[PDB]
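Quick heads-up: it's one chain on its own, the form deposited in one PDB entry, in structure tokens.
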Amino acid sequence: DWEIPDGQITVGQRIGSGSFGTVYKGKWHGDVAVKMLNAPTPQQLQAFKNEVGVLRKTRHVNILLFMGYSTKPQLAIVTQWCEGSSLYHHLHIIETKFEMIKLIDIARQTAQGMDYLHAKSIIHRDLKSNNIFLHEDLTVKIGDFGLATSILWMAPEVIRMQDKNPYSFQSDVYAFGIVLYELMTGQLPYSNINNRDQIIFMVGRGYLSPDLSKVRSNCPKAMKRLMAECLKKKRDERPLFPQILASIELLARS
């Protein structure tokens, strides 16, 4: 079992809070991250069993490591502690300038993790650079580091919400396409539009899409074509991760 026996965790500094939990740094055989999700309602009890259920199906280096869960006093999920910042932070907050080979490597490791989740029939549903951690500044850890459950990474069919369920291996691929655009541009899509509602309406109709012409000239053609393919408006034109990963792997070998 992964139940952490009671009172073994030394909860330290609070890292963040939102409507759906509070996250702390803890001590449990070393540093850990602890997310505490509250007396708990049945909506909350169910979301807890779901996240635990999904986490415990994963053992891969590019996916954040689940370590256990506590049930009392509060519902809590315990994972490894990550050191450093999200890809979002590096690209758009402290604007780190990475060597092309490092951008491509970030791309590779994210594709590795996603390929993995999908091999297990796990749809992420919220992949964004903010949920890509660069641990030790070198290793990608995909998780969900947010506390609020996000439109720039949302596939057109997700926005319309007309074919519901709209989430699919392919909506994840789209999001990943938006991550590659960030990698290869240093920027978020649609930065010259300052109106959320319109981006929403325009992406969902296919009126607006990421400006691929902004892609750095030192980016390999093959990476640019991969981006355009992932970003495809009609979901089943998008490659899946086995194909996505093989491409990044192929181009890196050059």
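We call the rigid core whatever largest set of C-alpha positions still superposes within 1.5 Å between the two forms. Residues carry their position along the shown sequence, with the first being 1.
Below: the form deposited in another entry, not depicted.
Of the candidates 223, 202, 52, 215, the only Cα that travels 2 Å or more between this form and the one not shown, given a rigid-core fit: Everything else stays below 2 Å; the exception is 52.
Shift of residue 190 between this form and the one not shown at or above 2 Å (CA, core fit): Result for residue 190: no, shift under 2 Å.
Rigid core superposition, residue 18 Cα moves 2 angstroms or more between this form and the one not shown: Superposed on the core, residue 18 moves its C-alpha 2 Å or more between this form and the one not shown.
Per-residue C-alpha change between this form and the one not shown, residue 159, threshold 2 Å, rigid core fit: Residue 159 C-alpha, core-superposed: shift of less than 2 Å.
CA-CA separation of residue 86 and residue 51, closer or farther in the other entry than in the form shown [shift of 3 angstroms or more]: Residues separate in the other entry, at least 3 Å farther apart.
Pair residue 125/residue 21, Cα separation in the other entry versus the displayed form, closer or farther by 3 angstroms or more: So the answer is closer.
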